[PDB]
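# Close look at the chain arrangement
Chain by chain, the residues run as shown.
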Amino acid sequence: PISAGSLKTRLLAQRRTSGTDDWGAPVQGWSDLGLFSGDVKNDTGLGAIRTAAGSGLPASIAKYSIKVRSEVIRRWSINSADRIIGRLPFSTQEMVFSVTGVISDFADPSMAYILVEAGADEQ
Amino acid sequence: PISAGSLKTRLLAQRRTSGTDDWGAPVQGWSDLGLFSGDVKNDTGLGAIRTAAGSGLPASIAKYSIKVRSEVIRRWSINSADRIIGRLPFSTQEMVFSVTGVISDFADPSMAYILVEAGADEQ
Amino acid sequence: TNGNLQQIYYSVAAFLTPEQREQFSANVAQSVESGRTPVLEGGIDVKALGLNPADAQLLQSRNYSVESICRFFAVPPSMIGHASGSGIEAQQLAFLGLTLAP
Amino acid sequence: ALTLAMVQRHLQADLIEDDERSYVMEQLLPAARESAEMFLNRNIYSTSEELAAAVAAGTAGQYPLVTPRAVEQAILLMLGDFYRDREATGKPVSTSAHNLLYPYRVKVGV
Amino acid sequence: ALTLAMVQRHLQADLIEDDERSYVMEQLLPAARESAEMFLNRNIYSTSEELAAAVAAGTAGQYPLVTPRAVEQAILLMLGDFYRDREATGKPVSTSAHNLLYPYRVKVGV
Amino acid sequence: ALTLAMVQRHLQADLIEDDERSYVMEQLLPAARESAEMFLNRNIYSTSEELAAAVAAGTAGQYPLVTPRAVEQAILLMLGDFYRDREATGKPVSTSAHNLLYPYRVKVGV
Amino acid sequence: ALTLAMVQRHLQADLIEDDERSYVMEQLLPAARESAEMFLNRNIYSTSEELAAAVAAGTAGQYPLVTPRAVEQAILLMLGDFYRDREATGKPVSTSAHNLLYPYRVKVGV
Amino acid sequence: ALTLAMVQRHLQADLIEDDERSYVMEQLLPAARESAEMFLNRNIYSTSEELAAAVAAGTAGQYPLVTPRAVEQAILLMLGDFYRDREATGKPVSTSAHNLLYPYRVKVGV
Amino acid sequence: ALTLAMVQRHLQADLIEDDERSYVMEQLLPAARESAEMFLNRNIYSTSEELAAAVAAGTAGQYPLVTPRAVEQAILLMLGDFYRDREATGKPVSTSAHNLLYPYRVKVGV
Amino acid sequence: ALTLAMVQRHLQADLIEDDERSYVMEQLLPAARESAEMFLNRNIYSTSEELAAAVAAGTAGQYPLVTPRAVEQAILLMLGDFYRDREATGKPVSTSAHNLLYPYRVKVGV
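So, a few notes on the structure that sits alongside this text. (Residues numbered from 1 in each chain as written, not as in the entry; some residues may be left out. Chains lettered and ligands numbered in written order. Part of a larger assembly, values for the part shown. Heavy atoms only, no water.)

Contacts between the two partners involve 20 residues from chain E and, on the opposite side, 22 residues from chain D. Both faces combined, the contact of chain E with chain D buries some 2,000 Å², and carbon together with sulfur accounts for 58% of it. The largest share of the area that chain E buries against chain D comes from E:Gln27, E:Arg86 and E:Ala88, three residues that together contribute 30% of it. A salt bridge links D:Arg9 to E:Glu17, with the shortest nitrogen-to-oxygen separation between them at 2.4 Å. (Contact = heavy atoms within 4.5 Å. Buried area = accessible area lost by both parts, 1.4 Å probe. Salt bridge = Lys/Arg side-chain N within 4 Å of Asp/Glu carboxyl O.)

Turning to the pattern of salt bridges, a few remarks are in order. Applying the stated criterion across every chain, the model contains 49 salt bridges over all chains. One salt bridge connects I:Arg9 with D:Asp19, and the closest N-O pair in it is separated by 3.6 Å. With I:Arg9 in helix α1 (residues 4-11) and D:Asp19 in helix α2 (residues 18-39), this pair bridges two chains. Its relative accessible area of 7% is what places I:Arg9 among the buried residues. (Helix = DSSP H or I, 4+ residues; strand = E, 2+ residues; numbered from the N terminus. Buried < 20%, exposed > 50% of the residue type's maximum accessible area, 1.4 Å probe, protein only.)

What follows concerns the interface of chain I and chain A. In this assembly, ten residues from chain I lie in contact with 13 residues from chain A. For the chain I and chain A pair, buried surface summed over both sides reaches about 960 Å², with 36% attributable to carbon and sulfur atoms. Where chain I packs against chain A, one counts two salt bridges. Linking I:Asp14 and A:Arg75 is a salt bridge whose minimum nitrogen-to-oxygen distance equals 3.8 Å. Where chain I touches chain A, the interface holds three residue pairs in polar contact. At the level of secondary structure, the elements contributing two or more residues to the side of chain I that touches chain A comprise α1 and α4 (69-84) of chain I. Classifying every residue of the side of chain I that touches chain A by side-chain character gives four nonpolar, one polar and five charged. (Polar contact = N/O pair within 3.5 Å; in protein donor to acceptor, adjacent residues only side chain to side chain. Nonpolar A, V, L, I, M, F, W, Y, C, P; charged D, E, K, R; others polar.)

Below, the discussion takes up the packing of helix α1 (residues 4-11) of chain H against helix α4 (residues 69-84) of chain H. Residue and element names in this part refer to chain H. At their nearest, the axes of α1 and α4 sit 11 Å apart, and the two run at 55° to each other. One way to sum up the angle between α1 and α4 is to call them oblique. In this structure, α1 crosses over α4, and the sense of that crossing is right-handed. The residues of α4 that touch α1, namely those facing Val 7, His 10 and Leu 11, are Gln 73, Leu 76, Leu 77, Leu 79, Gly 80 and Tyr 83. (Axes fitted to C-alpha atoms, helices over the stretch in contact; angles between N-to-C directions. Parallel < 35°, antiparallel > 145°, perpendicular 65-115°, else oblique. Left-handed = near helix turned anticlockwise from the far one by under 90°.)

Here we have three strands laid out as an open sheet, ordered β2-β7-β8 (chain A), and antiparallel in their pairing. Edge positions in the sheet fall to β2 (13-14) and β8 (94-98) of chain A, since each has one partner strand and no second. (Pairing = 2+ DSSP bridges.)

The residue A:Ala118 is not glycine, and still its phi comes out positive at about 65°. Summarising the element assignment, A:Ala118 is placed in the segment after β10 (112-116). Since its relative accessible area comes to 17%, A:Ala118 is described here as buried. Phi is positive for D:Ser94, close to 60°, though the residue is something other than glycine. Positionally, D:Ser94 belongs in the loop between α4 (69-84) and α5 (97-101). The class for D:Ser94 is partly exposed, based on a relative accessible area of 38%.

Rendered as structure tokens:
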């Protein structure tokens with residue numbers, strides 16, 4: 001029960017180049033992986049967005065969830081250190097998702113859940 | 001499934017003039033953007049209003065949610081740094097909303113959610 | 001030719017192009033000509049319509065019209081039963097003395 | 001007029017990738033056009049010049065019409081149905097497209 | 001009067017983009033107008049000048065009328081139905097637009 | 001009396017923008033008035049002087065009445081229905097407006 | 001007695017604003033009163049003086065009565081129904097006001 | 001005995017304001033009394049002296065009774081119904097008050 | 001055209017692995033194709049060359065056609081049904097693929 | 001072709017343990033094959049050489065066929081049903097496998 005055709009969004013998964021710069025911080029250049037399809041589930045309801053983050057620094061972060069077929073998790077290895085780019089229809093501003101982990105289900109081996117952050121763009 | 005005709009309220013979106021004053025604080029003058037239509041969803045139930053805020057300073061803040069068509073998010077770019085003005089019918093006191101972020105849905109590309117604050121007027 | 005004498009009507013729960021209509025009719029004719037039995041696979045169905053050809057053909061009305069014409073021309077409908085007293089010789093006597101004298 | 005702009009606007013989905021656009025505009029729209037053209041019991045042509053060409057070549061049958069806007073809307077509805085769900089389920093015949101297409105049917109009979 | 005302002009206010013939508021404004025005003029409105037025209041069994045014209053011009057050329061059929069407000073709002077209701085749902089789910093044959101359109105129908109019978 | 005004040009109070013929505021007011025008072029109220037005037041099988045005029053003028057010009061038909069308050073209330077109910085929902089759905093005939101309008105019907109027959 | 005105080009207490013509303021007080025007391029109350037008057041098949045007058053005055057001028061029909069309290073509360077119930085819902089949703093023909101109004105009905109039959 | 005104390009205790013609402021008390025005791029209780037007195041097909045008087053006065057004046061009809069406690073309870077039930085809900089809905093005839101009032105009906109027939 | 005790209009876009013699946021691509025394109029697609037072929041009561045061929053070749057060898061039966069787009073999408077719908085559920089739950093006999101396939105059926109009857 | 005790869009891909013469960021693989025491929029698949037071969041009222045052989053061998057040995061009955069893809073798909077559906085649930089419940093006869101298998105039945109009669 002995966003019900004194809006609800007996977008109406010074309011995302012773009014991509015990971016980071018290996019190594020470190022002079023200081024040791026992660027390299028702010030991004031490679032490419034490919035394209036897949038998924039069903040995005042929002043957080044409807046009041047108080048679904050987080051404003052403050054840390055030392056009183058303003059923000060606006062709202063977590064989502066992408067349901068993908070089980071093949072995209074075996075072809076690559078998506079984990080917490082990737083980012084996902086999706087573009088809203090007829091728009092030039094593209095959302096940047098930050099993968100916070102992948103939940104896999106054993107009830108049926110045809111689904112997987114990727115939980116993203118979507119709040120602040122990553123570099 | 002947007003069901004026009006439930007969008008019975010005429011709001012007024014407007015953003016802030018760029019630059020800073022002598023001290024660097026945001027300029028307290030407000031420009032204009034235009035008018036749109038949306039469906040406002042309250043927070044019914046007890047304890048839906050927040051009284052204290054910080055160093056024991058009294059307040060009364062109750063967050064709302066505006067459901068708008070997908071066009072008003074592509075025409076402009078509404079983010080956390082705007083404010084929305086709406087007027088109650090047959091009244092001279094106008095609510096001032098403070099946008100805290102926009103949630104967009106990918107299940108269908110014909111809706112968007114603007115979460116506002118409505119508690120203390122902005123300047 | 002109006003189609004008021006038809007008895008059996010087939011029915012299929014789908015949309016068919018006319019060519020399928022001629023094909024269905026030809027298939028029914030072939031099946032009945034070869035001595036087989038209909039089976040009505042799938043969604044096909046048949047209903048029989050409760051008609052009476054005597055009521056379609058108006059036999060009572062036409063009989064009354066015949067009688068009325070005979071009465072109109074002053075010829076008794078039972079004169080010698082030309083339209084539909086024991087002895088025959090009396091029948092001609094009645095015919096004469098009631099219709100032909102004037 | 002079944003242009004790429006109209007299809008993109010109807011489906012609310014921009015088709016930038018070449019494979020997806022090829023699928024939608026070469027396997028999915030023509031299927032809806034064929035289905036409507038078969039339900040109407042007549043040939044439909046997009047423009048008058050194509051109808052004249054078909055009449056000249058003799059392939060045009062009885063009662064051919066240039067496509068009006070209602071038939072375009074019904075074809076778009078069928079295309080949206082094809083794009084939304086992609087499995088064979090027990091959906092009923094005489095959907096909402098057949099309500100619009102019905103006055104253009106020609107050889108209705110029994 | 002089925003102008004752009006009335007359509008904008010009915011749908012509660014701003015048609016700023018050229019593409020979607022063209023879609024709504026050139027493929028979605030004529031479909032509804034000609035669907036109502038087919039249901040009414042008569043031709044409907046916007047103004048008296050168009051009716052007179054059509055009668056002069058003889059292309060106007062018998063029993064023509066210039067559109068009242070009830071027919072215009074029935075057309076608006078059909079357009080609003082077209083904008084909202086974009087599939088072939090299957091609906092009742094007689095909607096709420098036909099209740100408004102019915103008293104202007106002509107040539108009813110068996 | 002179908003004044004702007006009465007319409008604003010009924011719909012519970014002030015109409016300050018010129019386009020919205022034009023829509024409501026020039027496309028939406030006249031549609032309800034036409035629909036009620038067609039259901040009643042008679043002509044309705046707001047004031048007695050207009051009725052006299054129509055009689056003089058000869059355009060007034062049989063059984064014309066000056067609009068009572070019940071017909072105004074029913075017209076307002078139809079207007080509120082038009083303003084609330086803007087899509088064609090399977091709503092039933094003989095709504096709650098026809099209960100109020102019914103005693104004023106004139107040529108009921110079979 | 002259908003004064004302003006009784007209407008204020010029935011609706012649990014303070015009609016301070018001139019506009020909405022005018023609406024409720026000049027378009028929403030006469031509608032209910034004349035609807036009940038049409039249902040009862042007779043004319044109803046507030047006081048004996050008005051009944052005598054109407055009989056003197058001959059405009060009062062046969063079987064007139066001055067309103068009892070039951071008819072006044074039926075009118076109040078109709079007004080309360082009018083205030084609450086402002087659309088044409090579709091309702092049963094015989095409501096709870098007719099149960100109160102029925103024993104005063106006249107000229108019933110076939 | 002339909003005293004202010006009994007009404008206050010039944011409705012569970014003290015009536016201190018003059019307008020509210022006037023409404024309840026001059027528009028709402030008499031309506032229930034009239035309705036019950038009309039359903040019973042007979043005249044009901046609170047006390048024997050009033051019945052004798054009515055008989056003397058000749059206005060008392062056939063079968064007049066001094067009100068028993070069951071009729072008081074039924075009148076109170078109708079009053080509570082009037083006080084609770086204030087809109088005309090599709091409530092059914094033969095409520096729970098008519099069960100108590102029924103043995104006192106006089107001219108039941110067909 | 002029932003290539004690999006169309007199947008990939010229909011199922012929204014990337015068939016990178018050799019094993020599952022072989023499964024889908026060699027056991028799951030021919031099943032649907034021959035099921036539709038059995039339902040249609042005729043043989044269907046991909047291109048004109050294959051039809052001519054089959055007719056030359058005589059193995060092609062009477063009434064053959066080269067596949068239109070509607071039959072191809074019916075096959076795609078059957079394949080999408082096969083991919084989704086993999087059990088024998090029990091389903092209606094006439095699905096949504098048969099509605100598309102029916103106008104091409106031949107040799108119907110009793 | 002009822003290979004280990006096809007079975008593993010259909011059931012979405014790799015069978016690495018020897019006991020589980022033995023169970024699935026020696027008690028569960030042959031049961032589905034026997035059930036389908038008994039419902040078809042005919043013998044089915046995987047390959048043509050085996051059919052020729054069976055004909056030579058004389059054990060092949062009337063109307064034997066080499067298994068097409070539809071019968072393979074139906075056998076896989078029955079196998080998936082056997083693998084999913086493992087208790088006897090009140091499931092209905094004529095499941096979704098019998099829809100695919102039915103055109104291959106031979107001795108249907110009464």
